[PDB]
Amino acid sequence: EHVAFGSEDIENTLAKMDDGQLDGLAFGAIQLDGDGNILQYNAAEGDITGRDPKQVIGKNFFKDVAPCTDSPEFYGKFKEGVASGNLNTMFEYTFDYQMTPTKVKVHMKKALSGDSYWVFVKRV
Ligand SMILES: *C(=O)/C=C/c1ccc(O)cc1
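Residues numbered from 1 in each chain as written, not as in the entry; some residues may be left out. Heavy atoms only, no water.

Going by what the PDB entry lists, the protein chain is known as PHOTOACTIVE YELLOW PROTEIN and is assigned to Halorhodospira halophila. The record for the entry shows the title "Initial Events in the Photocycle of Photoactive Yellow Protein". Quoted verbatim from the Sequence similarities field of UniProt, the annotation for the protein chain is "Belongs to the photoactive yellow protein family." (UniProt positions renumbered as here; feature names shortened; annotations may be inferred.)

See the structure below:
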């Protein structure tokens, strides 16, 4: 898929893309509901983190999968965005739960329709 990390209209491009198409992206992509449950999780993300995508779909990202993100610096930003109904933030972070610590750039953006939220990830 021909989409760049951080693209201004990424929510339109990805809107309603199915799991197979998401697996074509150059960067990790996770779709979360407003509670942080995982709705979609692509192959590039699994390559970065070791998680098996179909296994983490339905789990809570903050509670279960990624406790290192349960902090004001990641989850706090996410929940503020869910509560506001608007989110577009980009920041670096280190992923380190049961994995070699890995520095990444994270872009969280509210999905176009409904109430879903993207978490995009690339190595830095
Ligand atoms: C910290 O616990 C981060 C873990 C993590 C981040 C992103 C993922 O897709 C999976 C686990």
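Further notes follow.
Undergrad: With reference to specific residues and values, describe the overall build of the protein chain.
TA: Along its length, the protein chain carries six helices and five strands. Counted from the first residue to the last, the protein chain has its helices and strands arranged as α-α-β-β-α-α-α-α-β-β-β. Rg of the C-alpha trace for the protein chain: 13 Å, near the compact-globule value of 14 Å for 124 residues, within the 12% margin. Taking all 124 residues of the protein chain together, 48% fall into the buried category. Excluding contacts between residues fewer than 6 apart, the proportion of contacts in the protein chain whose partners are at least 24 apart in sequence is 40%. Roughly 6,400 Å² of accessible area belongs to the protein chain as shown, and the carbon and sulfur atoms make up 45% of that amount. Measuring between centres, the 13 positive side-chain charges of the protein chain sit 3 Å from its 19 negative side-chain charges. (Helix = DSSP H or I, 4+ residues; strand = E, 2+ residues; numbered from the N terminus. Rg over C-alpha atoms; globule rule 2.2 N^0.38 Å. Buried < 20%, exposed > 50% of the residue type's maximum accessible area, 1.4 Å probe, protein only. Contact = heavy atoms within 4.5 Å. Areas by Shrake-Rupley, 256 points an atom, 1.4 Å probe, with all protein chains shown as cover. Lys, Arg positive; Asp, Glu negative; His and termini not counted. Charge placed at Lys NZ, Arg CZ, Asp CG, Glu CD.)

Undergrad: Describe the site of the ligand, and please don't skip the residues or the numbers.
TA: Taken together, 13 residues lie around the ligand, and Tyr41, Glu45, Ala66, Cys68 and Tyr97 are the ones closest in. Separating an oxygen atom of the ligand from a side-chain N or O atom of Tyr41 is a distance of 2.5 Å. Between an oxygen atom of the ligand and a main-chain N or O atom of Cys68, the distance comes to 2.8 Å. Contact with the protein chains covers 100% of the free accessible surface of the ligand, which is 310 Å². (Near = heavy atom within 4 Å. Polar contact = N/O pair within 3.5 Å; in protein donor to acceptor, adjacent residues only side chain to side chain.)

Undergrad: Summarise the environment of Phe91; cite the residues concerned and give the values.
TA: Here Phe91 is to be found in strand 3 (residues 88-95). Residue contacts for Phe91: discarding those within four places in its chain leaves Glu73, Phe74, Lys77, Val104, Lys105, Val106 and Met108.

Undergrad: Which residues make up helix 6 (residues 72-84), and what are the values?
TA: For helix 6, spanning 13 residues, the distance from its first C-alpha to its last is only 16 Å, which falls clearly below the expected 18 Å at 1.5 Å a residue. Of all the positions in helix 6, only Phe74, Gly76, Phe78, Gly81 and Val82 are classed as buried. For helix 6, the elements touching its buried residues are strand 1 (28-33), helix 5 (61-65), strand 3, strand 4 (102-110) and strand 5 (116-123). Immediately downstream of helix 6, the backbone of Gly85 shows phi near 75°, a positive value. (Expected span 1.5 Å × (residues − 1).)

Undergrad: Could you give an account of the environment of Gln40, with specific residues and numbers?
TA: If you trace the backbone, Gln40 turns up in strand 2 (residues 38-41). When the C-alpha atoms of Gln40 and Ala29 are compared, they prove to be 7.7 Å apart, with 11 residues separating the residues in sequence. Polar contacts involving the side chain of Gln40 include one to the main-chain carbonyl oxygen of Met17, which spans 3.2 Å. In this structure the side chain of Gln40 is engaged in a polar contact, spanning 2.8 Å, whose partner is the side chain of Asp19.

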